[PDB]
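Taking it in order: structure first as structure tokens, then the write-up.
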Amino acid sequence: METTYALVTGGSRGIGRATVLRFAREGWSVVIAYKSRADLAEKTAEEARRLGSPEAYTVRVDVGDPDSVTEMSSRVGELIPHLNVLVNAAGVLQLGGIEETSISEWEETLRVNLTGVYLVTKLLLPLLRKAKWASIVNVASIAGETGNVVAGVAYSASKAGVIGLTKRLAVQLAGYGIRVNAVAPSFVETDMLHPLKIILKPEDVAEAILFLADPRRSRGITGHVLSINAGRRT
Amino acid sequence: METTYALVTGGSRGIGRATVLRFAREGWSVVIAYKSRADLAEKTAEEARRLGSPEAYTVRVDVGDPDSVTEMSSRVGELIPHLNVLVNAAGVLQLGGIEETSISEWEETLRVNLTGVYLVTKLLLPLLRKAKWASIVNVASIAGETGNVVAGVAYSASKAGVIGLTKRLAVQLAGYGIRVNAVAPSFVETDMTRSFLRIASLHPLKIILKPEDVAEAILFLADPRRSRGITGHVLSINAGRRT
Ligand SMILES: NC(=O)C1=CN([C@@H]2O[C@H](COP(=O)(O)OP(=O)(O)OC[C@H]3O[C@@H](n4cnc5c(N)ncnc54)[C@H](OP(=O)(O)O)[C@@H]3O)[C@@H](O)[C@H]2O)C=CC1
Ligand SMILES: NC(=O)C1=CN([C@@H]2O[C@H](COP(=O)(O)OP(=O)(O)OC[C@H]3O[C@@H](n4cnc5c(N)ncnc54)[C@H](OP(=O)(O)O)[C@@H]3O)[C@@H](O)[C@H]2O)C=CC1
């Protein structure tokens, strides 16, 4: 088989970083996409190489900016022959009701959390179509599933939008054999109410992302939202 | 004791228009918010008054533009004392897969269908809070509930966003006693004639969904006498295409 290549936005922290390292343990080559923490990205790359990635690259990108994403895309195309897995995990949190959410805050949240997913996926599709097999995993949130959670109105709207995008892309891209799924975690403990007495960690979400990314495990699953909330919402 | 006032965006055509007229039959005063066809909006206002609206007003607004919405809310505040019902039905269609959907096409779709609902609701909240009872009904789409439909990627994302927004506002605004729900219709006979010489065979119930069928669901969700205990719900109208 061909070498496996995975790209993870928000790959230098939280869920994205945990996902990159989980992929490395699988022997998958990785591309760590980050906005500004070049230091954290390179240190993540060094751990990925130690853990098992044949190759680990870093690439700077602002997912909410079209030009930045277009450049990242070209840059990535110069480093790898194809892309098997794309994980969009570069979302940003937002809090507050509609009265306290200013128009600029609303727009910025949608630009990064929703438009960013569409942009990264759009520009990297040619690389994904070149792979013998491919999958896409978007990191949504329980906030996109329900209003009964403390999250800003823009955050909830953007995450629900990510879920809608995930489902439509799954059906539309199924023709190319590309699977598209999402994970919807509840509160996750990072460097920033439920029946099961545990605290979700980035590594817990990474396991779920790996399951959905790997065709050996989920080849028949597409357009699904895998909820990880320790039972807060069934 | 107080007159019922309802505002409907996209009120001069399709679902919005049918809703305005159904509201008029209920004896509610209506504000017809429209984007460009001032002539059709006035015709709607006339028909509303004839049907039962004590008062019928028209207001121009581009829900995708902050200045336009802000100006619209100011004008509305000069015409009515409060607002009991808000219906956001000013959405636009978008077709195409991700490769076929240009960045600008995506942005404009989100701007109108999702950000527009947020804008209108945000600028009119003061008037809604002034009323003794209030409810918001957003028009989503089956496209926001499932990927198994023919609709563009941006359209599906924006409508799913509308549903997420609806749910969160329902929980957040419950404190003010304001209910927020959504209707999610599938194919509806409207100025989307593109699909006409099959669609009626897309569902178990062999019927043809009309704007007035959606208007009935919107009325149910808007009227507290009918749905006082319902909030944050998405009422699907698809003749069984999706259960
Ligand atoms: N924590 C939670 O409770 C939950 C989180 N999520 C989702 O997890 C995903 C990541 O969250 P989390 O891991 O906490 O986030 P972090 O706060 O750890 O950082 C988020 C990532 O966003 C990255 N980022 C932001 N913009 C870009 C960009 N434009 N390009 C590349 N990276 C970008 C940051 O990179 P840098 O700063 O270096 O640019 C950072 O690694 C998001 O989709 C989030 O919404 C979902 C549900 C729950
Ligand atoms: N038809 C279908 O199959 C389905 C439709 N829907 C939804 O129904 C809602 C309306 O669709 P439909 O009734 O067919 O649309 P129409 O094509 O009949 O017209 C849509 C309305 O959009 C109005 N409009 C667009 N922008 C604005 C604006 N900025 N301010 C005020 N009005 C605006 C137009 O008014 P003017 O041109 O006068 O400015 C028009 O009345 C949308 O949310 C749509 O997505 C949902 C599911 C299915």
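Every chain in the structure tokens takes a letter, A first, then B, and so on in the order presented; its residues are numbered from 1, and the ligands are numbered from 1 following the presented order.
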Might you pull out every residue within 6 Å of residue 58 of chain B, with only C-alpha atoms counted and same-chain residues fewer than 5 positions away left off, and present them as a list in words?
residues 31, 32 and 33 of chain B
Closest atom pairs, chain B residues within 10 Å of chain A, only C-alpha atoms, as CSV:
```
residue,atom,partner,partner_atom,distance
B:66,CA,A:103,CA,8.1
B:96,CA,A:172,CA,9.3
B:97,CA,A:172,CA,6.6
B:98,CA,A:122,CA,6.1
B:99,CA,A:122,CA,6.4
B:100,CA,A:122,CA,9.6
B:101,CA,A:122,CA,9.0
B:102,CA,A:122,CA,9.4
B:103,CA,A:119,CA,7.6
B:106,CA,A:115,CA,8.1
B:107,CA,A:115,CA,7.7
B:110,CA,A:115,CA,8.8
B:111,CA,A:107,CA,8.9
B:114,CA,A:157,CA,8.3
B:115,CA,A:107,CA,7.7
B:118,CA,A:98,CA,7.7
B:119,CA,A:103,CA,7.8
B:121,CA,A:98,CA,8.3
B:122,CA,A:98,CA,6.1
B:123,CA,A:99,CA,8.8
B:125,CA,A:99,CA,8.2
B:126,CA,A:99,CA,9.6
B:143,CA,A:164,CA,7.9
B:144,CA,A:164,CA,5.7
B:145,CA,A:164,CA,6.9
B:146,CA,A:167,CA,6.2
B:147,CA,A:168,CA,3.8
B:148,CA,A:171,CA,6.4
B:149,CA,A:168,CA,8.0
B:150,CA,A:168,CA,9.1
B:151,CA,A:168,CA,8.4
B:152,CA,A:168,CA,8.1
B:153,CA,A:168,CA,6.2
B:154,CA,A:165,CA,7.5
B:155,CA,A:165,CA,8.9
B:156,CA,A:164,CA,5.7
B:157,CA,A:161,CA,4.6
B:158,CA,A:161,CA,6.0
B:159,CA,A:161,CA,7.4
B:160,CA,A:164,CA,4.9
B:161,CA,A:161,CA,4.1
B:162,CA,A:157,CA,6.6
B:163,CA,A:160,CA,7.3
B:164,CA,A:157,CA,4.8
B:165,CA,A:157,CA,4.6
B:166,CA,A:147,CA,8.0
B:167,CA,A:147,CA,4.6
B:168,CA,A:147,CA,3.7
B:169,CA,A:153,CA,7.0
B:170,CA,A:147,CA,7.2
B:171,CA,A:147,CA,5.9
B:172,CA,A:97,CA,6.6
B:173,CA,A:97,CA,8.4
B:232,CA,A:147,CA,7.7
```
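All residues of protein, DNA or RNA that reach within 9 Å of residue 22 of chain A, judged by only C-alpha atoms and not counting those fewer than 2 positions away in the chain, are residues 17, 18, 19, 20, 24, 25, 26, 48, 51, 203, 206, 207 and 210 of chain A.
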Please extract the residues at most 7 Å from ligand 2, counting only C-alpha atoms and all ligand atoms, and provide them as a VMD selection string, using the chain letters and residue numbers of this document.
chain B and resid 9 to 16 33 to 38 60 to 64 89 to 93 112 to 113 139 to 142 184 to 192
Take the residues from that selection and write them out as a compact mmCIF listing (two decimals), in the first residue's frame, keeping N, CA, C and O atoms.
```txt
# COMPACT_ATOMS: atom_id res chain seq x y z
N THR B 9 -39.62 38.61 7.43
CA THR B 9 -38.63 38.95 6.41
C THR B 9 -38.91 38.02 5.23
O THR B 9 -39.37 36.89 5.42
N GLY B 10 -38.65 38.50 4.02
CA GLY B 10 -38.95 37.71 2.84
C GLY B 10 -40.46 37.69 2.71
O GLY B 10 -41.05 36.82 2.06
N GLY B 11 -41.10 38.68 3.34
CA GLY B 11 -42.55 38.76 3.34
C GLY B 11 -43.30 39.07 2.05
O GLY B 11 -44.52 39.01 2.04
N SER B 12 -42.59 39.38 0.97
CA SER B 12 -43.28 39.69 -0.28
C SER B 12 -43.37 38.54 -1.27
O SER B 12 -43.97 38.69 -2.33
N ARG B 13 -42.79 37.39 -0.93
CA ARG B 13 -42.85 36.23 -1.82
C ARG B 13 -42.72 34.90 -1.08
O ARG B 13 -42.26 34.86 0.06
N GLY B 14 -43.14 33.82 -1.74
CA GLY B 14 -43.06 32.48 -1.18
C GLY B 14 -43.63 32.22 0.20
O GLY B 14 -44.76 32.61 0.51
N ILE B 15 -42.83 31.55 1.03
CA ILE B 15 -43.22 31.20 2.39
C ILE B 15 -43.51 32.45 3.22
O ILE B 15 -44.51 32.52 3.93
N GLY B 16 -42.62 33.44 3.13
CA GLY B 16 -42.82 34.66 3.88
C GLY B 16 -44.17 35.29 3.58
O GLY B 16 -44.92 35.64 4.49
N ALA B 33 -41.27 42.82 5.60
CA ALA B 33 -39.89 43.21 5.32
C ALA B 33 -39.48 42.56 4.00
O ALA B 33 -39.58 41.34 3.84
N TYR B 34 -39.01 43.38 3.06
CA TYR B 34 -38.61 42.89 1.74
C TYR B 34 -37.28 43.49 1.30
O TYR B 34 -36.85 44.53 1.81
N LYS B 35 -36.62 42.84 0.34
CA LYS B 35 -35.34 43.34 -0.15
C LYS B 35 -35.41 44.35 -1.31
O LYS B 35 -34.82 45.42 -1.22
N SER B 36 -36.13 44.02 -2.38
CA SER B 36 -36.20 44.92 -3.53
C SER B 36 -37.56 45.18 -4.20
O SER B 36 -37.79 46.28 -4.71
N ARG B 37 -38.46 44.20 -4.23
CA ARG B 37 -39.74 44.40 -4.90
C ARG B 37 -40.78 45.17 -4.08
O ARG B 37 -41.77 44.61 -3.63
N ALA B 38 -40.54 46.47 -3.91
CA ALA B 38 -41.45 47.32 -3.16
C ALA B 38 -42.88 47.21 -3.68
O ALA B 38 -43.84 47.28 -2.91
N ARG B 60 -38.12 48.01 3.74
CA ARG B 60 -37.04 47.47 2.94
C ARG B 60 -35.86 47.09 3.79
O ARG B 60 -35.42 47.84 4.63
N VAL B 61 -35.30 45.92 3.52
CA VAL B 61 -34.12 45.50 4.26
C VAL B 61 -33.36 44.38 3.56
O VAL B 61 -33.95 43.50 2.95
N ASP B 62 -32.04 44.46 3.62
CA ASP B 62 -31.16 43.45 3.07
C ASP B 62 -30.61 42.80 4.34
O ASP B 62 -29.72 43.35 4.98
N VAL B 63 -31.15 41.65 4.70
CA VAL B 63 -30.74 40.97 5.92
C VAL B 63 -29.26 40.64 5.98
O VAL B 63 -28.71 40.38 7.05
N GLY B 64 -28.61 40.67 4.82
CA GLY B 64 -27.19 40.38 4.78
C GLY B 64 -26.32 41.58 5.13
O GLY B 64 -25.13 41.43 5.36
N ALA B 89 -37.63 34.51 7.14
CA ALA B 89 -37.87 33.73 5.93
C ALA B 89 -37.24 34.39 4.72
O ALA B 89 -37.77 34.30 3.61
N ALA B 90 -36.10 35.05 4.91
CA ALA B 90 -35.40 35.73 3.82
C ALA B 90 -34.22 34.94 3.24
O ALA B 90 -33.28 35.54 2.72
N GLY B 91 -34.27 33.62 3.30
CA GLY B 91 -33.16 32.83 2.77
C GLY B 91 -33.09 32.70 1.25
O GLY B 91 -34.09 32.87 0.56
N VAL B 92 -31.89 32.40 0.74
CA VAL B 92 -31.68 32.24 -0.69
C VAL B 92 -31.06 30.88 -1.00
O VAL B 92 -30.27 30.34 -0.21
N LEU B 93 -31.42 30.33 -2.13
CA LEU B 93 -30.92 29.05 -2.58
C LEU B 93 -29.47 29.09 -3.06
O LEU B 93 -29.01 30.05 -3.57
N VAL B 112 -26.18 35.82 4.01
CA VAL B 112 -27.62 36.02 3.92
C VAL B 112 -28.46 35.05 4.75
O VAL B 112 -29.31 35.47 5.54
N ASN B 113 -28.22 33.75 4.58
CA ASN B 113 -28.99 32.71 5.27
C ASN B 113 -28.75 32.50 6.76
O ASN B 113 -29.68 32.13 7.48
N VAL B 139 -36.99 29.95 9.41
CA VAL B 139 -37.22 28.99 8.35
C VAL B 139 -35.89 28.36 7.96
O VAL B 139 -35.00 29.02 7.43
N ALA B 140 -35.75 27.07 8.26
CA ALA B 140 -34.53 26.35 7.94
C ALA B 140 -34.80 25.55 6.68
O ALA B 140 -35.35 26.06 5.71
N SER B 141 -34.43 24.27 6.69
CA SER B 141 -34.63 23.43 5.53
C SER B 141 -34.23 22.01 5.87
O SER B 141 -33.45 21.79 6.79
N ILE B 142 -34.78 21.06 5.13
CA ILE B 142 -34.43 19.67 5.34
C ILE B 142 -32.92 19.57 5.08
O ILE B 142 -32.24 18.71 5.65
N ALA B 184 -38.52 23.19 9.08
CA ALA B 184 -37.55 22.67 8.12
C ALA B 184 -38.28 21.96 6.99
O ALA B 184 -38.42 20.74 6.99
N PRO B 185 -38.73 22.73 6.02
CA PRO B 185 -39.42 22.18 4.87
C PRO B 185 -38.50 21.52 3.86
O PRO B 185 -37.35 21.83 3.81
N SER B 186 -39.03 20.63 3.04
CA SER B 186 -38.22 20.13 1.96
C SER B 186 -38.72 20.98 0.78
O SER B 186 -39.28 22.07 0.98
N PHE B 187 -38.50 20.52 -0.42
CA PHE B 187 -38.95 21.16 -1.63
C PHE B 187 -40.30 21.87 -1.51
O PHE B 187 -41.26 21.28 -1.16
N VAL B 188 -40.34 23.14 -1.85
CA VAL B 188 -41.58 23.91 -1.80
C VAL B 188 -41.77 24.70 -3.11
O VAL B 188 -40.83 25.34 -3.58
N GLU B 189 -42.96 24.62 -3.70
CA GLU B 189 -43.26 25.34 -4.94
C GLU B 189 -43.13 26.83 -4.71
O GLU B 189 -43.97 27.46 -4.07
N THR B 190 -42.07 27.40 -5.27
CA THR B 190 -41.77 28.81 -5.10
C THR B 190 -40.96 29.25 -6.33
O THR B 190 -40.90 28.53 -7.32
N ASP B 191 -40.38 30.44 -6.28
CA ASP B 191 -39.57 30.90 -7.40
C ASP B 191 -38.26 30.12 -7.53
O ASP B 191 -37.18 30.69 -7.59
N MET B 192 -38.40 28.79 -7.52
CA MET B 192 -37.29 27.86 -7.72
C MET B 192 -37.93 26.96 -8.77
O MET B 192 -38.05 25.74 -8.60
```
If you run DSSP on the backbone here, which positions in chain A get strand (DSSP E)? Please write them as a PyMOL selection string.
chain A and resi 5-9+29-34+56-60+85-88+134-139+178-185+225-228
What residues have any atom no more than 6 Å from ligand 1 when counting only C-alpha atoms and all ligand atoms, and can you list them as a PyMOL selection string?
chain A and resi 9-16+33-37+61-64+89-93+139-141+184-188+190+192
Residues from the last selection, C-alpha atoms, saved as a PDB file, in the first residue's frame:
```pdb
ATOM      1  CA  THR A   9      -5.245  21.992  11.408  1.00  0.00           C
ATOM      2  CA  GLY A  10      -4.819  23.196  14.984  1.00  0.00           C
ATOM      3  CA  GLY A  11      -2.265  20.399  15.079  1.00  0.00           C
ATOM      4  CA  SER A  12       0.064  22.035  17.604  1.00  0.00           C
ATOM      5  CA  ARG A  13      -2.366  22.080  20.539  1.00  0.00           C
ATOM      6  CA  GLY A  14      -5.325  20.388  22.225  1.00  0.00           C
ATOM      7  CA  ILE A  15      -7.270  17.831  20.226  1.00  0.00           C
ATOM      8  CA  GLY A  16      -5.327  18.496  17.029  1.00  0.00           C
ATOM      9  CA  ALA A  33      -0.877  23.029  10.339  1.00  0.00           C
ATOM     10  CA  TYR A  34      -0.643  25.950  12.761  1.00  0.00           C
ATOM     11  CA  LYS A  35      -1.540  29.648  12.828  1.00  0.00           C
ATOM     12  CA  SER A  36       1.345  31.204  14.801  1.00  0.00           C
ATOM     13  CA  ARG A  37       2.971  28.850  17.333  1.00  0.00           C
ATOM     14  CA  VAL A  61      -1.873  28.815   7.999  1.00  0.00           C
ATOM     15  CA  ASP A  62      -4.774  31.009   9.095  1.00  0.00           C
ATOM     16  CA  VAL A  63      -7.744  28.794   8.199  1.00  0.00           C
ATOM     17  CA  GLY A  64     -10.136  31.741   8.093  1.00  0.00           C
ATOM     18  CA  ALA A  89      -9.471  20.932  14.376  1.00  0.00           C
ATOM     19  CA  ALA A  90      -8.692  24.678  14.260  1.00  0.00           C
ATOM     20  CA  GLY A  91     -11.865  25.973  15.910  1.00  0.00           C
ATOM     21  CA  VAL A  92     -12.007  28.847  18.420  1.00  0.00           C
ATOM     22  CA  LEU A  93     -14.372  29.256  21.359  1.00  0.00           C
ATOM     23  CA  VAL A 139     -14.209  18.516  14.965  1.00  0.00           C
ATOM     24  CA  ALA A 140     -17.623  19.927  15.808  1.00  0.00           C
ATOM     25  CA  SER A 141     -19.049  20.182  19.334  1.00  0.00           C
ATOM     26  CA  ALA A 184     -18.878  16.255  18.708  1.00  0.00           C
ATOM     27  CA  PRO A 185     -17.096  16.476  22.071  1.00  0.00           C
ATOM     28  CA  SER A 186     -18.463  18.090  25.179  1.00  0.00           C
ATOM     29  CA  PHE A 187     -16.039  20.052  27.413  1.00  0.00           C
ATOM     30  CA  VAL A 188     -12.441  18.990  26.837  1.00  0.00           C
ATOM     31  CA  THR A 190      -6.739  21.590  27.367  1.00  0.00           C
ATOM     32  CA  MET A 192      -7.131  26.862  27.899  1.00  0.00           C
TER      33      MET A 192
END
```
So that I can check the surroundings of residue 59 of chain A, please list as a ChimeraX atom specification every protein, DNA and RNA residue that reaches within 9 Å of it, counting only C-alpha atoms and ignoring chain neighbours fewer than 3 positions away.
/A:31-35,38,41,72,75-76
Segment 35-103 of chain A: which residues are helix (DSSP H, G or I) by DSSP, as a ChimeraX atom specification?
/A:38-51,66-79,103
Got a sec: who's within 12 Å of residue 49 of chain A, counting only C-alpha atoms, leaving out chain neighbours fewer than 3 positions off, as a ChimeraX atom specification?
/A:20-32,42-46,52-57
Prev. selection, N, CA, C and O atoms, output as an mmCIF file, in the first residue's frame:
```
data_model
loop_
_atom_site.group_PDB
_atom_site.id
_atom_site.type_symbol
_atom_site.label_atom_id
_atom_site.label_comp_id
_atom_site.auth_asym_id
_atom_site.auth_seq_id
_atom_site.Cartn_x
_atom_site.Cartn_y
_atom_site.Cartn_z
ATOM 1 N N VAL A 20 -2.518 14.324 16.073
ATOM 2 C CA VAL A 20 -1.265 14.167 15.338
ATOM 3 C C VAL A 20 -0.415 13.055 15.963
ATOM 4 O O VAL A 20 0.099 12.191 15.253
ATOM 5 N N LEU A 21 -0.281 13.068 17.289
ATOM 6 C CA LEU A 21 0.518 12.047 17.976
ATOM 7 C C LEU A 21 -0.110 10.648 17.879
ATOM 8 O O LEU A 21 0.601 9.643 17.778
ATOM 9 N N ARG A 22 -1.421 10.545 17.958
ATOM 10 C CA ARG A 22 -2.109 9.284 17.759
ATOM 11 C C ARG A 22 -1.889 8.765 16.344
ATOM 12 O O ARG A 22 -1.663 7.631 16.150
ATOM 13 N N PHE A 23 -1.920 9.637 15.374
ATOM 14 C CA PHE A 23 -1.641 9.235 13.994
ATOM 15 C C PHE A 23 -0.184 8.763 13.870
ATOM 16 O O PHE A 23 0.108 7.792 13.175
ATOM 17 N N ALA A 24 0.734 9.458 14.538
ATOM 18 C CA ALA A 24 2.144 9.077 14.482
ATOM 19 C C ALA A 24 2.329 7.657 15.014
ATOM 20 O O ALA A 24 3.077 6.868 14.441
ATOM 21 N N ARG A 25 1.646 7.330 16.108
ATOM 22 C CA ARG A 25 1.757 5.994 16.678
ATOM 23 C C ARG A 25 1.255 4.949 15.683
ATOM 24 O O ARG A 25 1.605 3.771 15.782
ATOM 25 N N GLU A 26 0.431 5.382 14.729
ATOM 26 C CA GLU A 26 -0.099 4.485 13.707
ATOM 27 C C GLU A 26 0.882 4.323 12.548
ATOM 28 O O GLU A 26 0.649 3.531 11.645
ATOM 29 N N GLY A 27 1.972 5.082 12.572
ATOM 30 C CA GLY A 27 2.947 5.001 11.502
ATOM 31 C C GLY A 27 2.549 5.861 10.314
ATOM 32 O O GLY A 27 3.022 5.651 9.198
ATOM 33 N N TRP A 28 1.673 6.832 10.554
ATOM 34 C CA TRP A 28 1.220 7.724 9.494
ATOM 35 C C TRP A 28 2.091 8.969 9.437
ATOM 36 O O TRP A 28 2.473 9.507 10.478
ATOM 37 N N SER A 29 2.413 9.416 8.224
ATOM 38 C CA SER A 29 3.193 10.637 8.068
ATOM 39 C C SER A 29 2.215 11.759 8.354
ATOM 40 O O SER A 29 1.030 11.672 8.026
ATOM 41 N N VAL A 30 2.681 12.840 8.947
ATOM 42 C CA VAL A 30 1.817 13.947 9.310
ATOM 43 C C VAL A 30 2.275 15.330 8.891
ATOM 44 O O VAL A 30 3.439 15.628 8.794
ATOM 45 N N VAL A 31 1.293 16.168 8.683
ATOM 46 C CA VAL A 31 1.512 17.566 8.335
ATOM 47 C C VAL A 31 0.776 18.341 9.419
ATOM 48 O O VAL A 31 -0.454 18.255 9.537
ATOM 49 N N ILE A 32 1.536 19.081 10.216
ATOM 50 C CA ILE A 32 0.992 19.859 11.319
ATOM 51 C C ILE A 32 0.737 21.300 10.888
ATOM 52 O O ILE A 32 1.679 22.067 10.683
ATOM 53 N N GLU A 42 6.784 22.608 15.720
ATOM 54 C CA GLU A 42 8.020 21.870 15.483
ATOM 55 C C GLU A 42 8.273 20.856 16.595
ATOM 56 O O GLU A 42 8.782 19.764 16.346
ATOM 57 N N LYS A 43 7.917 21.211 17.825
ATOM 58 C CA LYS A 43 8.102 20.286 18.934
ATOM 59 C C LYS A 43 7.099 19.147 18.815
ATOM 60 O O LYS A 43 7.360 18.037 19.261
ATOM 61 N N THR A 44 5.949 19.421 18.206
ATOM 62 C CA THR A 44 4.944 18.380 18.006
ATOM 63 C C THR A 44 5.480 17.442 16.922
ATOM 64 O O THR A 44 5.359 16.219 17.016
ATOM 65 N N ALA A 45 6.090 18.034 15.899
ATOM 66 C CA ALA A 45 6.654 17.272 14.794
ATOM 67 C C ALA A 45 7.768 16.352 15.272
ATOM 68 O O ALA A 45 7.908 15.229 14.789
ATOM 69 N N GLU A 46 8.561 16.832 16.221
ATOM 70 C CA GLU A 46 9.657 16.038 16.752
ATOM 71 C C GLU A 46 9.111 14.850 17.536
ATOM 72 O O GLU A 46 9.666 13.760 17.481
ATOM 73 N N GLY A 52 6.624 7.605 15.610
ATOM 74 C CA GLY A 52 6.396 6.722 14.479
ATOM 75 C C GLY A 52 6.066 7.302 13.112
ATOM 76 O O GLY A 52 5.935 6.548 12.153
ATOM 77 N N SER A 53 5.905 8.616 12.996
ATOM 78 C CA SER A 53 5.616 9.194 11.684
ATOM 79 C C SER A 53 6.877 9.099 10.824
ATOM 80 O O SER A 53 7.946 9.539 11.238
ATOM 81 N N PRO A 54 6.776 8.503 9.624
ATOM 82 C CA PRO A 54 7.967 8.403 8.770
ATOM 83 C C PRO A 54 8.479 9.812 8.471
ATOM 84 O O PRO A 54 9.684 10.057 8.396
ATOM 85 N N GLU A 55 7.531 10.729 8.310
ATOM 86 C CA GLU A 55 7.823 12.129 8.025
ATOM 87 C C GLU A 55 6.817 13.002 8.766
ATOM 88 O O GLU A 55 5.649 12.646 8.885
ATOM 89 N N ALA A 56 7.269 14.139 9.272
ATOM 90 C CA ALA A 56 6.375 15.065 9.961
ATOM 91 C C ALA A 56 6.733 16.481 9.525
ATOM 92 O O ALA A 56 7.832 16.962 9.796
ATOM 93 N N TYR A 57 5.803 17.139 8.842
ATOM 94 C CA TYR A 57 6.014 18.495 8.351
ATOM 95 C C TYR A 57 5.120 19.487 9.082
ATOM 96 O O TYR A 57 4.103 19.112 9.672
#
```
Test item: residues at most 12 Å from residue 57 of chain B, only C-alpha atoms, excluding those fewer than 3 positions along its chain, as number ranges by chain:
B: 5-8, 11-12, 20, 24, 28-34, 38, 41-49, 53-54, 60, 72, 75-80
Please provide as a list in words all residues within 8 Å of residue 177 of chain A, with the sequence filter that same-chain residues fewer than 3 positions apart are discarded (counting only C-alpha atoms).
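Listed by chain and then number, they are residues 133, 134, 173 and 174 of chain A.
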Save out the residues we just selected, N, CA and C atoms, as a CSV table (one decimal), in the first residue's frame.
```csv
chain,number,residue,atom,x,y,z
A,133,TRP,N,-7.1,6.1,-1.0
A,133,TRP,CA,-8.2,6.1,-0.1
A,133,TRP,C,-8.1,7.4,0.7
A,134,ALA,N,-9.2,7.9,1.1
A,134,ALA,CA,-9.2,9.2,1.9
A,134,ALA,C,-10.4,9.4,2.8
A,173,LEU,N,-19.2,13.8,-1.8
A,173,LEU,CA,-17.9,13.3,-2.0
A,173,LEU,C,-17.9,11.8,-2.0
A,174,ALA,N,-18.9,11.1,-1.6
A,174,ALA,CA,-19.0,9.7,-1.6
A,174,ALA,C,-18.6,9.1,-2.9
```
Output as a tab-separated table one row per residue of segment 19-138 of chain A within 9 Å of segment 212-221 of chain A: the closest atom pair and its distance in Å to one decimal place, counting only C-alpha atoms, sorted by chain and residue number ascending.
```
residue	atom	partner	partner_atom	distance
A:84	CA	A:213	CA	8.7
A:85	CA	A:213	CA	6.4
A:86	CA	A:213	CA	8.2
A:87	CA	A:213	CA	8.3
A:133	CA	A:215	CA	7.9
A:134	CA	A:213	CA	8.0
A:135	CA	A:213	CA	5.5
A:136	CA	A:213	CA	6.6
A:137	CA	A:213	CA	6.5
```
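What separates atom CA of residue 219 of chain B from atom CA of residue 22 of chain B is a distance of 7.5 Å.
Between atom CA of residue 116 of chain A and atom CA of residue 65 of chain A there is a distance of 7.5 Å.
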Pick from B:177, B:240, B:211, B:204 nearest to residue 21 of chain B, counting only C-alpha atoms
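Answer, going by the shortest atom-to-atom distance: B:211.
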Which residue out of A:7, A:230, A:79, A:117 has the minimum interatomic distance to residue 194 of chain A when only C-alpha atoms are used?
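Under the stated criterion, the closest residue is A:230.
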